[PDB]
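Asks: Protein chains in written order, with the authors' numbering: chain C, 1 to 175; chain B, 1 to 175; chain A, 1 to 175. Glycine included, each C-beta is placed from N, C-alpha and C at the ideal position.
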Amino acid sequence: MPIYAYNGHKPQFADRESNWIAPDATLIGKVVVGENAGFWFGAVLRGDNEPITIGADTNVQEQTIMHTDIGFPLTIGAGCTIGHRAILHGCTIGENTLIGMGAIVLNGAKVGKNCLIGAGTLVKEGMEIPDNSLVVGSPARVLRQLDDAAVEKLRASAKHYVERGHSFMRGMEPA
Amino acid sequence: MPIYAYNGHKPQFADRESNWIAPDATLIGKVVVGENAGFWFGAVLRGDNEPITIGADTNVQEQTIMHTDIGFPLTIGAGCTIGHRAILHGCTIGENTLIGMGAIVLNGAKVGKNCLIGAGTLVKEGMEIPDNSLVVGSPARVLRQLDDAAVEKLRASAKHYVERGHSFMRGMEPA
Amino acid sequence: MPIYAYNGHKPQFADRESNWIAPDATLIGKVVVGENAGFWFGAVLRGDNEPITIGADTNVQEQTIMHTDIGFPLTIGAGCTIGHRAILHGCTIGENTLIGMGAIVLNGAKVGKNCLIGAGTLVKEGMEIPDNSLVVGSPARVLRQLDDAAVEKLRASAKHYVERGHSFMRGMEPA
Ligand SMILES: [Zn+2]
Ligand SMILES: [Zn+2]
Ligand SMILES: [Zn+2]
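1. Could you check if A158/C is buried or exposed, using at least 16 other CB atoms within 10 Å of its CB as the buried criterion?
2. Mapping the DSSP letters down to three states, classify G165/C as helix, strand or coil.
3. By the criterion of Cβ-Cβ separation under 8 Å, what are the contact partners of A175/C in chain B?
4. Pick helix, strand or coil for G55/A, following the three-state DSSP scheme.
5. Let me check one thing: in DSSP terms, what residues is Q61/C bridge-paired to?
6. When you compare only the Cα positions, how much space is there between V151/A and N96/A?
7. Excluding five sequence neighbours on each side, which residues of the same chain lie with their C-beta closer than 6 Å to the C-beta of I52/A?
8. Taking C-beta pairs closer than 7 Å, name the residues in chain C that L106/B reaches, listed in chain order.
9. In whole angstroms, what separates the C-alpha of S133/C from that of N114/C?
10. Would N19/A be called buried (16 or more neighbouring beta carbons within 10 Å of its own) or exposed?
11. Hey, quick one: how far does the beta strand (DSSP E) through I70/B stretch, first residue to last?
12. Between the C-alpha atoms of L27/B and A86/B, what's the straight-line distance to the nearest angstrom?
13. Determine the DSSP secondary structure at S133/C, reduced to helix, strand or coil.
14. Can you tell which of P130/B, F72/B, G137/B has its C-alpha closest to the C-alpha of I104/B?
15. Can you list, in chain order, the residues of its chain whose CB lies under 6 Å from that of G90/C, leaving out five sequence neighbours each side?
16. Could you run through the region 19 to 37 of chain C and flag, in chain order, every residue whose CB is less than 8 Å away from some CB of chain A?
17. Please enumerate, following chain order, all residues with a beta carbon closer than 6 Å to at least one heavy atom belonging to ligand 2.
18. So if I threshold CB-CB distances at 7 Å, which residues from the region 57 to 72 of chain C count as touching chain A?
19. Does the beta carbon of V44/A sit closer than 9 Å to a beta carbon anywhere in chain B?
20. By Cβ distance, which residues of its chain are closer than 7 Å to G126/C, with the 5 residues on each side in sequence left out?
21. At a cut-off of 8 Å, would you count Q63/A as near ligand 1, judging by its Cβ distance to the nearest heavy atom?
22. Would you list the one or two residues that DSSP bridges to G90/C?
23. Determine the burial state of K153/B: buried for a count of at least 16 other Cβ atoms within 10 Å of its Cβ, exposed for fewer.
24. In the DSSP assignment, the beta strand (DSSP E) including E173/C goes from what residue to what residue?
25. Anything in chain B within Cβ reach of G171/C, meaning under 8 Å, just list it in chain order.
26. Quick check for students: name the residue ranges of the beta strand (DSSP E) that lie wholly in the region 101 to 163 of chain B, counting only runs of 3 or more.
27. Any beta carbon of chain B sitting closer than 9 Å to that of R85/A?
28. Checking contacts by CB at 9 Å: is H89/B closer than that to chain C?
29. What first and last residue would you give for the beta strand (DSSP E) that runs through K30/B?
30. Tell me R85/A's beta-bridge partners as DSSP assigns them.
31. Would you decide whether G8/C is buried or exposed? Buried here means 16 or more other CB atoms lie within 10 Å of its CB.
32. How would you write the range of the beta strand (DSSP E) that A5/A sits in, first residue to last?
33. Just by C-beta distance, which residues in the region 125 to 139 of chain A are closer than 7 Å to chain B?
34. Can you name the residues of chain C whose CB is closer than 7 Å to the CB of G102/A?
35. Quick check on the burial criterion: 16 or more other C-beta atoms within 10 angstroms. Buried or exposed for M101/C?
36. Classify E50/B as helix, strand or coil using the three-state DSSP reduction.
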């Protein structure tokens with residue numbers, strides 16, 4: 001497994017035996033990993049400037065890129081869903097938020113909790129997004145606030161993905 | 001090597017010995033692969049929900065991601081060109097169609113045959129695209145219909161990729 | 001090490017061992033590599049049609065894809081910064097230019113020197129971008145010219161990535 005140390009710092013796991021990590025996944029340097037977090041195929045977390053902090057119950061899907069610039073730590077609240085091929089750079093993400101596949105969130109951006117950032121959306125540098133927002137577009141705009149039911153599908157997402165992580169540790173075999 | 005089985009299902013080949021599969025390309029679970037289909041570097045097809053069915057002569061270029069949600073099997077017609085780094089999620093795509101590099105096709109979307117989806121395009125959920133269409137933008141727009149010359153350059157494209165695929169099984173060696 | 005030769009052609013390094021190459025990076029066929037150029041995790045350069053020329057002191061970040069169609073060589077000026085997950089296809093890029101993360105540059109495009117192409121930008125086929133330009137959007141628009149302070153941050157960026165590359169050769173170890 002490509003878990004790498006850089007400049008003396010290595011990924012620290014709150015509970016490593018609970019983390020799903022695909023063979024393709026790469027965690028490097030200052031990465032802080034919560035409980036039940038899963039990192040799927042081709043993901044890259046380069047914790048070489050500011051540290052990258054992954055909350056618990058958080059899924060990081062295929063080929064997500066996370067990185068930082070000095071002055072911009074990257075923090076993800078708990079039970080978040082990071083869609084296939086998202087890019088997160090030097091931003092902070094509230095708990096129970098979904099980042100749609102292929103979406104890009106840039107330095108200094110602040111996404112609230114219980115948010116849905118739609119697929120392909122670009123959240124520009126320093127953009128701030130209120131809790132419970134549904135965000136789509138390029139440029140990104142707040143469409144409306146999410147109902148309490150939508151906010152539940154977010155928690156549901158995090159839970160299914162934790163379980164799915166577990167099942168891959170147990171039930172994925174070469175063929 | 002990275003062909004994986006998950007929960008009893010493994011990738012099924014109509015004629016394996018004809019399929020180009022780059023060494024880091026990753027096939028997982030319920031994946032049905034036609035003949036002469038080629039899968040290039042870093043691609044990932046995760047068939048852990050609904051099955052992923054890849055028609056014959058279809059090329060899946062670099063770091064393409066394919067996945068499904070329950071209720072949305074992913075089916076790709078034959079002789080298709082899946083551009084570098086596309087994302088296909090739970091959708092259906094007609095034969096002789098080109099999906100441009102960096103494009104995103106979401107759940108329930110239905111793309112006809114003989115279509116050109118331009119690079120960076122986002123085809124939203126459940127969107128239907130008539131046959132012979134040219135589609136560009138984010139959000140996607142049907143721009144016009146293709147002349148017979150375009151539709152044939154699509155056919156050329158799949159034909160050229162099959163040749164290049166086979167050539168890679170033979171003429172790719174380490175330096 | 002996935003450095004590959006194809007059809008008799010091999011990657012040529014002006015000064016190998018000055019080049020940072022992540023274990024995940026993939027170089028194929030007609031690729032010409034400058035000095036101090038760095039290739040990070042998951043990158044792919046497929047030079048099987050026209051040749052791919054990487055200017056010196058130029059960084060190629062995570063999972064960048066570079067490719068060509070016949071008639072469209074891909075050439076990168078010196079000291080360029082190619083952002084996370086960019087796609088470059090058969091284009092030419094001036095020295096000291098930044099191609100933002102997730103940006104797409106298509107065949108025959110010509111990007112000037114000292115340019116800043118923002119994240120998520122789509123530079124369509126044959127688009128020409130004057131020197132010292134700031135470019136953002138999809139479709140891309142030329143916004144204004146950069147002041148000398150901005151142009152300096154471009155030079156600075158390329159310089160840090162050279163050091164950081166070398167530092168990864170020394171200070172990256174498993175676990
Ligand atoms: Zn970065
Ligand atoms: Zn998915
Ligand atoms: Zn190509």
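Replies: Concretely, from the data shown:
1. buried
2. helix
3. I3, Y4, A5, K10, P11
4. coil
5. Its beta-bridge partners do not exist; DSSP assigns none.
6. 8 Å
7. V31, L45, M66, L74
8. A119
9. 7 Å
10. buried
11. It is not in any beta strand (DSSP E) - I70/B carries neither H nor E in the DSSP assignment.
12. 16 Å
13. strand
14. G137/B
15. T68, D69, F72, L74, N107
16. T26, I28
17. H84/C, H67/B, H89/B
18. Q63, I65, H67
19. yes
20. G108, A109
21. no
22. Bridge partners of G90/C: none, in fact.
23. exposed
24. 172 to 174
25. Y6, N7
26. 133 to 136, 141 to 145
27. yes
28. yes
29. 26 to 33
30. Per DSSP, none; premise fails for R85/A.
31. exposed
32. 3 to 6
33. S138
34. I87, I104
35. buried
36. strand
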